[PDB]
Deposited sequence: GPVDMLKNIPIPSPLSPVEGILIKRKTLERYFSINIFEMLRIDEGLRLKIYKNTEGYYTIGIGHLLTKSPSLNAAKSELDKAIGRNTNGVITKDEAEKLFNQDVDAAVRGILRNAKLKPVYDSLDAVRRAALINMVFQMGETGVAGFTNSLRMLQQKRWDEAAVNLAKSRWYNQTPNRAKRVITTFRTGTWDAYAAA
């Protein structure tokens, strides 16, 4: 979605906007703000020519296993319409803020909507905004053990709600 491809500035809120509408650049620089496209290039690379994966099966661009931006906005769009169809995932998705909905879309990129739906206890803790407890629990998984640098970044994204695991 055009809406959910937007750059997002995780300011804690309530904001102190100057006269209700202006927020000075000097104040925003106090942040790391990116969009999901940039989030996933870090995690999944951008390759403009075919290569063939860690697994491997051959892939291209950002994590598009076949058998770039426009093809990435396809997949993201196909990720959420997935989540929104799934019956465990939609409630949590509907429930989250936007930086955290990107972390969830990220997990679905890595491991599929069925795989993610299988995180039932972490998912409960994210719908209740129990962020520490969710992070402790995700860190228990195989996902974590198997791709720890990337899982740490995505867990940091849930615990904090900021893009700061990607300042690197």
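Undergrad: Give the ranges of the deposited sequence, numbered from 1, for which the structure holds no C-alpha coordinates, in sequence order.
TA: According to the record, the gaps fall at 68-95, 197.
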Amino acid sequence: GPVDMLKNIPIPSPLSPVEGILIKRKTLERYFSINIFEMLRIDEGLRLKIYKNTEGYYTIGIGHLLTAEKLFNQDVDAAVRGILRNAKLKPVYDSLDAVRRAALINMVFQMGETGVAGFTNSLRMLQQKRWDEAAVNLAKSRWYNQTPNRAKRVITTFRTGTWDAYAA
From here on, numbers count along this sequence of modelled residues.
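Undergrad: What stretch has the higher average Cα B-factor here, 140-148 or 14-22?
TA: Comparing 140-148 with 14-22, the higher mean C-alpha B-factor belongs to 14-22.
Undergrad: Please compare 35-43 with 52-60 and name the stretch with the higher mean C-alpha B-factor in the deposited structure.
TA: Averaged over C-alpha atoms, the B-factors run higher in 52-60.
Undergrad: Comparing recorded Cα B-factors across 126, 135, 105, 66, which one is largest?
TA: Out of 126, 135, 105, 66, the record gives the largest C-alpha B-factor to 66.
Undergrad: Check where residue 165 lands among this chain's C-alpha B-factors and tell me if it's the lowest, middle or highest third.
TA: CA B-factor rank for residue 165: lowest third.
Undergrad: Classify residue 97 as lowest, middle or highest third according to the C-alpha B-factor given in the PDB entry, relative to its own chain.
TA: Its C-alpha B-factor, which the entry lists for residue 97, ranks in the lowest third among residues of this chain.
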